[PDB]
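Peer 1: Encoded as structure tokens, here's the structure I'll be asking about.
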Amino acid sequence: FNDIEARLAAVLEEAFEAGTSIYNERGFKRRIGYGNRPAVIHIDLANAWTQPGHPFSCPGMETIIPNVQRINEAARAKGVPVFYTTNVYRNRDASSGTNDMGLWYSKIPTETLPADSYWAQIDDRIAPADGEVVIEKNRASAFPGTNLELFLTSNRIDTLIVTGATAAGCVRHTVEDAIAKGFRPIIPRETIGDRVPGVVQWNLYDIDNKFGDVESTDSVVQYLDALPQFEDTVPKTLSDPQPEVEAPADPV
Amino acid sequence: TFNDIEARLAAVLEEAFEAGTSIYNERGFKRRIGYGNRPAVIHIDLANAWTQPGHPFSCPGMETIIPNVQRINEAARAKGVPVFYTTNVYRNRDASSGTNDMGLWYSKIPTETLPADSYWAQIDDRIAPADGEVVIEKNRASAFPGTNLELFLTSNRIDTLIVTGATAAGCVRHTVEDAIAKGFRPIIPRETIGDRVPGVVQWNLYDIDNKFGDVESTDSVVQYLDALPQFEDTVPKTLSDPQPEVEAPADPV
Amino acid sequence: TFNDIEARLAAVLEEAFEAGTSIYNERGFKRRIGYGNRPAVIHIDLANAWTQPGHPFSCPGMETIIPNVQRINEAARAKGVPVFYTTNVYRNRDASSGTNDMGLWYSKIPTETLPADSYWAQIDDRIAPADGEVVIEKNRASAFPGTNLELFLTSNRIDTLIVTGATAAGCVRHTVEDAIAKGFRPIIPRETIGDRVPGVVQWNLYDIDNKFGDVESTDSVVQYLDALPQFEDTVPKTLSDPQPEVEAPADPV
Amino acid sequence: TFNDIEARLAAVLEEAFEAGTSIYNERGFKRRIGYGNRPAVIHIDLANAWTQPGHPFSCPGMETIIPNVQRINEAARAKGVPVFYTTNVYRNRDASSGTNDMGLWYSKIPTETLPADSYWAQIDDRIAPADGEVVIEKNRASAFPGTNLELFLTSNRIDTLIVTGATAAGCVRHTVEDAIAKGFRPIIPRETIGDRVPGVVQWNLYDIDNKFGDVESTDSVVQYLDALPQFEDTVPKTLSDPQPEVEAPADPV
Numbered sequence: 008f009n010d011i012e013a014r015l016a017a018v019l020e021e022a023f024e025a026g027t028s029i030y031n032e033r034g035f036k037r038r039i040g041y042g043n044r045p046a047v048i049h050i051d052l053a054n055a056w057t058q059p060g061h062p063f064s065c066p067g068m069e070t071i072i073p074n075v076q077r078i079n080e081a082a083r084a085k086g087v088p089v090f091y092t093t094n095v096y097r098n099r100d101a102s103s104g105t106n107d108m109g110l111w112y113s114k115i116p117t118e119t120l121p122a123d124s125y126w127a128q129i130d131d132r133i134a135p136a137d138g139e140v141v142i143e144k145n146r147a148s149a150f151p152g153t154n155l156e157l158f159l160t161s162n163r164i165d166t167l168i169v170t171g172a173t174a175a176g177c178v179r180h181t182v183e184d185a186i187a188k189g190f191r192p193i194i195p196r197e198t199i200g201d202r203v204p205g206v207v208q209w210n211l212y213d214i215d216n217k218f219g220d221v222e223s224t225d226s227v228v229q230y231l232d233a234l235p236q237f238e239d240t241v242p243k244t245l246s247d248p249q250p251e252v253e254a255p256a257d258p259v
Numbered sequence: 007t008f009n010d011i012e013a014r015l016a017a018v019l020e021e022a023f024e025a026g027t028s029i030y031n032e033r034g035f036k037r038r039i040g041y042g043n044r045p046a047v048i049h050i051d052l053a054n055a056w057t058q059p060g061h062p063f064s065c066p067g068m069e070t071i072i073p074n075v076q077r078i079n080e081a082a083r084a085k086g087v088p089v090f091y092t093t094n095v096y097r098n099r100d101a102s103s104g105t106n107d108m109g110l111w112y113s114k115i116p117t118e119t120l121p122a123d124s125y126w127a128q129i130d131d132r133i134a135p136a137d138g139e140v141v142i143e144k145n146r147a148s149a150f151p152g153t154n155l156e157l158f159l160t161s162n163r164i165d166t167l168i169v170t171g172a173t174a175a176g177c178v179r180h181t182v183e184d185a186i187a188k189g190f191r192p193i194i195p196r197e198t199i200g201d202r203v204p205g206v207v208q209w210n211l212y213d214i215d216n217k218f219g220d221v222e223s224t225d226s227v228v229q230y231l232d233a234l235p236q237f238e239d240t241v242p243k244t245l246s247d248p249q250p251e252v253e254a255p256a257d258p259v
Numbered sequence: 007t008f009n010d011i012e013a014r015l016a017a018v019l020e021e022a023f024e025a026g027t028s029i030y031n032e033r034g035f036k037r038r039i040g041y042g043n044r045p046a047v048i049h050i051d052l053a054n055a056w057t058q059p060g061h062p063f064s065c066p067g068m069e070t071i072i073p074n075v076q077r078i079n080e081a082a083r084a085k086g087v088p089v090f091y092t093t094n095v096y097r098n099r100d101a102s103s104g105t106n107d108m109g110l111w112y113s114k115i116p117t118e119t120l121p122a123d124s125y126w127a128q129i130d131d132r133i134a135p136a137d138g139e140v141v142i143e144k145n146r147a148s149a150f151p152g153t154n155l156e157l158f159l160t161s162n163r164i165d166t167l168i169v170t171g172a173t174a175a176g177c178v179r180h181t182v183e184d185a186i187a188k189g190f191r192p193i194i195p196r197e198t199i200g201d202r203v204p205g206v207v208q209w210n211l212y213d214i215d216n217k218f219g220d221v222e223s224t225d226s227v228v229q230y231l232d233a234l235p236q237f238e239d240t241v242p243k244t245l246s247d248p249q250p251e252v253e254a255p256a257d258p259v
Numbered sequence: 007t008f009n010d011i012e013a014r015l016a017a018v019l020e021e022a023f024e025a026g027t028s029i030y031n032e033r034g035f036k037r038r039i040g041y042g043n044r045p046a047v048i049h050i051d052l053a054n055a056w057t058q059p060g061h062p063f064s065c066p067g068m069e070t071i072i073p074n075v076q077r078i079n080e081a082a083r084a085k086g087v088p089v090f091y092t093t094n095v096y097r098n099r100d101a102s103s104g105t106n107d108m109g110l111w112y113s114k115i116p117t118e119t120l121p122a123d124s125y126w127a128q129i130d131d132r133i134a135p136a137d138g139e140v141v142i143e144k145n146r147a148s149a150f151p152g153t154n155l156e157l158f159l160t161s162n163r164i165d166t167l168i169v170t171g172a173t174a175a176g177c178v179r180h181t182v183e184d185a186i187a188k189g190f191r192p193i194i195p196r197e198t199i200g201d202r203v204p205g206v207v208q209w210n211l212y213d214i215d216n217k218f219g220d221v222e223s224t225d226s227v228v229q230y231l232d233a234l235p236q237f238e239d240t241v242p243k244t245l246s247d248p249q250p251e252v253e254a255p256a257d258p259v
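Chains as they are written, first to last, in PDB author numbering: chain B, 8 to 259; chain A, 7 to 259; chain D, 7 to 259; chain C, 7 to 259.
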């Protein structure tokens, strides 16, 4: 419900159809596929995003969190690694040489996200279980400045299930980084949120076209339900075979 | 795409951008990063596979992108500004091989069609690199993963990165997100950005301007470059530009 | 008993050092990187597991190290210079776990003896972090992998990294060479470097000075920081200092 | 150097190593990382500047190193193992240019003597790359900064990296410690490691075996590769091998 959103949703679907035909003819929008040794990462489902009243609050939590709980419940039944990020700063004074906001402060209100405040805590409804990692990050993607890639590479993870907020911010930069670094991104659609119109729709479409597969939470839970116990999983060593299109030859 | 779809899409997207801009501004997003004092220009994939027709990566609109890229190059070269070019090409395109360089991007887009050293891999002749400009062969969307770009930028104290090229919903956006994260101010000259399906340039330049960099006109970029001292004399801005600060909400208990 | 091994090894290592230095000088290695203009100080792992006796990682010589480290801190905080501290600690020491953060360094050194938030993990009281100084919990030898150190150094345009701490044969060397590679001039104050077995401090400092940073006295570093402007007014040297250049050997064909 | 020093040096260094190993042993260091199941080989700078006499980077001992590198290569090529080669060369060697790729390493070693595409940049003929093998041009000591090596190793799930090459006191050590940090088990065939001044090979291989990788004989490495399944069929070891765990000390208060 909203004045614009019904029309925006309807016309964005038409634009999406059009684009999918061009993409499909050219051989884009291929399926990356689920791998065998997954990790789950919840991007910034901390109070500043899940609770109302912060500059970073996202609506839709009433639908995101139950779906996040279904995934957590499936994953921790197999001992799958679960990571959470909270985007917070220890030194919010942009004139100091030890400030950790860098240039993102020149774009978004980083000074409103103090480390170890209520706003920095992962939301109670999905509190971290024992052995799950909470990573405090300083930039949008969960990779820069954190140790997420040291866990994922050292422990041979091949699939990264990404959930969280926002589609137009931290989720997309994380997914883009993951496929480039070497991890298969699966995005469970109902767990992604944002705070302005259209951005969830068009960012998930862009992600599904070139960076990760956007799936239903039901698909993701069913996949985790069919997993062996994590300690017995082995990664897929190369990409899944694709219907290859042929490289055009030099015109001269 | 039928013109009724194009027409109605521009209209609803404008409604969405108006609405979104108000929310962002109210909350303190969409601030201006601003030009720094010691820039580099990088042209993302304005190589024949994107600029010429007949390849699966071909982007339309080059007729508008190329003369504007040239305006930037002319202003930059005049000042001795570093200009980098990238081309997204692969030395070993067999997904079954242990030294294939396509990795998992082959499971999403047709990377097998981009051979290194072919016609398609060369930079477009209309904007041919000048002596001393760097051409980087890259394997992933952003210009940073697996390349030496960040070594140039950090070791030579570059504070601003003018990003041009293709595509808005692919390589240009991931390069901009990486650059601001790493510490370089991204300025996107709006007219030098291309793509190949409806809506994507508009909504991706909207998202970039809101959280990752300042979308500007090529006119503004050229005026900035024209006002620079010679690159030899530029020194970088050492911290962020001061911002209108939003106050952190106090904890309810 | 008594075996004069320390003095015997120092005398013959000095003979090796004279020989190597002649070769390096002739070939044009061992050049001075020189101090830049906008410095940061990083103290590597001077936490209780290294500075206090009783832990598998304890280093002797802290009585010489800590006062020199304190001299640099006192000189740095007088100028508003950024000071960073690392502590190498782990939050999940169960190598069977998928969320263990020790990776493969557990197959070489006893990582499971370093718990985060224990006494052992705490920076030594004699050099307690002052307000605004950063404590980085790291998981690998160099202070860069898996941390946000590079984000501070690149975003705040730092050009010089003064490195102190433990050990010459572990964490200090890998940090120093990662620093010059990424673009930060490493200066090592000799007297603040420690280790726990013979020879390693000497030969690792020699190797660093030859190809990766300048090994100086703490006196020179304190004097550099004392002659510095306030940090807010410093700006980085934009390129390398000119070197006496050696000519490339001509190709046979 | 003086041969009397070479022999004195070898003998006294053995005393220092013996003593050091006793201490590492009483602390639980120097554990074995072990061979994994899915390896790649990397030859660090066995290019003409290092292998052939007459360059400032020339190394002695190639008559021993190269037959041993050839044995590894023959074994690897039989199983289809990925073999990578690096060469350390520069496209723009003018330190005052904003697009020079030498960075600050030029302020330490003579990087201006290493042109890309020169005779000196070529991989030595005796160990010439076979088709499918990758030659990586790199700009800094470790083979990881500014290159796509990590893209190959992570995307293709390599767990072990066999490192050969020049020098022990430079590019080989930085590459090995980067590798264990990133998540790849480093194996060093002792006979294939070279350098140009006294003692460095000995003390750098000691330091590496203590904390960063396993120094093995070439026979050991060849036996491993000969026992391997065909590369296409190998799967990586997903976590560390179990280690003899040392007791984490309790906090004194």
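Even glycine gets a Cβ: it sits at the ideal position worked out from N, Cα and C.
Is the separation between the beta-carbon of residue 300/A and that of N43/A shorter than 8 angstroms?
Peer 2: In the structure displayed, chain A extends from 7 to 259; residue 300/A sits before or after that span and is not available.
Peer 1: For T93/D versus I71/D, is the C-beta distance shorter than 8 angstroms?
Peer 2: Cβ distance not < 8 angstroms, so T93/D and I71/D don't count as in contact.
Peer 1: Excluding the 5 residues flanking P66/C on each side, which residues of the same chain have their C-beta closer than 8 angstroms to its C-beta?
Peer 2: Cβ neighbours of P66/C beyond the five flanking positions: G200, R202.
Peer 1: Would a check of beta-carbon distances place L110/C closer than 8 angstroms to chain D?
Peer 2: Yes - at least one Cβ of chain D is within 8 angstroms of the one on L110/C.
Peer 1: Check each candidate in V228/A, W209/A, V140/A and name the one with the smallest Cα separation from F23/B.
Peer 2: Cα-wise, what sits closest to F23/B is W209/A.
Peer 1: Here's the rule: buried if 16 or more other CB atoms are within 10 angstroms of the residue's CB, otherwise exposed. What is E12/D?
Peer 2: Burial call: exposed.
Peer 1: Between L245/C and chain B, is the shortest Cβ-Cβ distance under 8 angstroms, so that the two count as touching?
Peer 2: Yes, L245/C counts as interfacial toward chain B.
Peer 1: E156/A: buried (16+ other C-beta within 10 angstroms of its C-beta) or exposed?
Peer 2: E156/A should be labelled buried.
Peer 1: Kindly indicate if chain D contains any beta-carbon less than 8 angstroms away from that of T181/A.
Peer 2: Cβ-Cβ to chain D under 8 angstroms: no for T181/A.
Peer 1: When burial is assigned at 16 or more other CB atoms within 10 Å of the CB, is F8/D buried or exposed?
Peer 2: Per the 10 Å Cβ criterion, exposed.
Peer 1: Where does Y96/B sit, in a helix, a strand or coil, going by DSSP?
Peer 2: The answer is strand: DSSP assigns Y96/B an E or B state.
Peer 1: Could you check how far apart the C-beta atoms of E222/D and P195/D are, in whole angstroms? I think they sit under 8 angstroms.
Peer 2: The pair is a contact, with the Cβ atoms about 6 angstroms apart (cut-off 8 angstroms).
Peer 1: Counting pairs of beta carbons, one from the stretch 168-182 of chain D and one from the stretch 212-222 of chain D, are three or more of them closer than 8 angstroms?
Peer 2: The stretch 168-182 of chain D vs the stretch 212-222 of chain D: in contact.
Peer 1: For the stretch 25-44 of chain B, enumerate the residues whose C-beta is nearer than 8 angstroms to any C-beta of chain A, in chain order.
Peer 2: Residues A25, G26, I29, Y30, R33, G34, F35, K36, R37, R38, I39, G40.
Peer 1: Which residues of chain A have a Cβ atom closer than 7 angstroms to the Cβ of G60/B, listed in chain order?
Peer 2: In chain order: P255.
Peer 1: Chain C partners of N162/A, CB-CB under 7 angstroms?
Peer 2: The contacting residues are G104.
Peer 1: Apart from the five residues just before and just after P135/D, which ones in its own chain have a Cβ nearer than 7 angstroms to its Cβ?
Peer 2: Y91, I129, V141.
Peer 1: Less than 8 angstroms separating the beta-carbons of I186/B and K114/A?
Peer 2: Yes, they are a contact pair.
Peer 1: Between the stretch 94-102 of chain A and the stretch 243-257 of chain B, do three or more beta carbon pairs fall short of 8 angstroms?
Peer 2: Segments in contact, yes.
Peer 1: What's the C-alpha gap between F218/D and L110/C?
Peer 2: Taking the straight line from one Cα to the other gives about 9 angstroms.
Peer 1: Report the CB separation of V47/A from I168/A in whole angstroms; it is logged as a contact under 8 angstroms.
Peer 2: That belief holds up - the Cβ atoms of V47/A and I168/A are roughly 5 angstroms apart, short of 8 angstroms.
Peer 1: Report yes or no: is there a C-beta of chain B within less than 8 angstroms of the C-beta of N145/D?
Peer 2: Output row for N145/D: interface = yes.
Peer 1: Quick one: list the residues of chain C neighbouring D213/D, beta-carbon separation under 9 angstroms, in chain order.
Peer 2: Under the 9 angstroms cutoff, chain C gives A175, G176, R179, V206, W209, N210.
Peer 1: Go through its chain and collect everything with a Cβ distance to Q236/C's Cβ below 8 angstroms, but skip five positions before and after it.
Peer 2: Once the five neighbours on either side are set aside, the close Cβ partners of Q236/C are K85, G86.
Peer 1: Which residue from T153/A, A82/A, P258/A puts its Cα closest to that of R146/C?
Peer 2: Closest by alpha carbon: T153/A.
Peer 1: Any C-beta of chain C sitting closer than 8 angstroms to the C-beta of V140/A?
Peer 2: Closer than 8 angstroms to some Cβ of chain C, the Cβ of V140/A qualifies, so yes.
Peer 1: Any beta-carbon of chain D closer than 8 angstroms to the one on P151/C?
Peer 2: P151/C counts as touching chain D.
Peer 1: On the CB-based measure, 16 or more other CB atoms within 10 Å of its CB, does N31/A come out buried or exposed?
Peer 2: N31/A comes out exposed.
Peer 1: Return no unless some Cβ of chain B is closer than 8 angstroms to the Cβ of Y91/A.
Peer 2: Not an interface residue.
Peer 1: Compare the C-alpha of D225/B against each of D239/B, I50/B, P151/B, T198/B and name the closest.
Peer 2: The residue with the shortest Cα to Cα distance from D225/B is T198/B.
Peer 1: Over what stretch of residues does the alpha helix (DSSP H) that includes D220/D continue unbroken?
Peer 2: Not the alpha helix (DSSP H): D220/D falls in the beta strand (DSSP E), residues 220-222.
Peer 1: Contact check, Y96/C vs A122/C under 8 angstroms by CB: the rounded distance?
Peer 2: About 6 angstroms separates the two Cβ atoms, so the contact holds.
Peer 1: Where do the ends of the beta strand (DSSP E) carrying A172/A lie?
Peer 2: Unbroken beta strand (DSSP E) run through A172/A: 166-172.
Peer 1: Please identify the residue among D51/B, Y41/B, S28/B whose C-alpha is closest to the C-alpha of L231/B.
Peer 2: That would be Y41/B, whose Cα lies nearest to the Cα of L231/B.
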